[PDB]
Each structure stands twice: as C-alpha cells, then as structure tokens.
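> Build me a model:
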Amino acid sequence: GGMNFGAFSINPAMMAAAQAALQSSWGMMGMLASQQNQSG
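Residues are numbered from 1 along each chain as shown. Dropping the coordinates below:
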C-alpha cells in the first residue's frame, strides 16, 4: 500500500494532476513502521 486503494480508471494525457501534486506534496522525512506484524 503506497497510498491508494480501489482500482480506479484514469487516462492522464497530461499527467496534469501529477504536476500540481508534486508541489502540493510535503515531506519531513518518513512515516513507517520499523517492525512489521503478521497476526491480526
């Protein structure tokens, strides 16, 4: 899971949204779980 669920159909002829998203995005450096679980 990157961050996007559900199979959605799209046809970026521009990748136009990607342009704005690239700037809209924000870092600082991560966030992720160091240890991965199996049970649940």
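> so where do the helices sit in the protein?
With DSSP state H, the ranges of helices along the chain come out as 17-24.
> Residue 21 and residue 4, how far apart?
12 Å (C-beta to C-beta, to the nearest Å). No exception for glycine: its C-beta is placed from N, CA and C like everyone else's.
> more neighbours, those two?
Of the pair residue 21 and residue 4, residue 21 is the one with more neighbours under other C-beta atoms under 10 Å, namely 10 against 7.
> Could you tell me how far that one is located from residue 36?
The value you get for residue 21 to residue 36, if C-beta to C-beta is used, is 28 Å.
> same question, residue 26
Applying C-beta to C-beta to residue 26 and residue 36 gives a distance of 25 Å.
> and what of residue 10?
30 Å.
> Same question for residue 2.
Residue 2 is 16 Å from residue 36, by C-beta to C-beta.
> Could you do residue 15 as well?
From residue 15 to residue 36 the distance is 32 Å (C-beta to C-beta).
> between the two, who's got more neighbours?
Neighbour count, other C-beta under 10 Å: between residue 15 and residue 36, residue 15 has more, with 10 against 6.
> and the more buried one, what does it touch?
Not one residue lies near residue 15 by C-beta atoms under 8 Å, 6 or more residues apart in numbering.
> can you map out the strands along the chain?
Under the criterion DSSP state E, the chain contains no strands.
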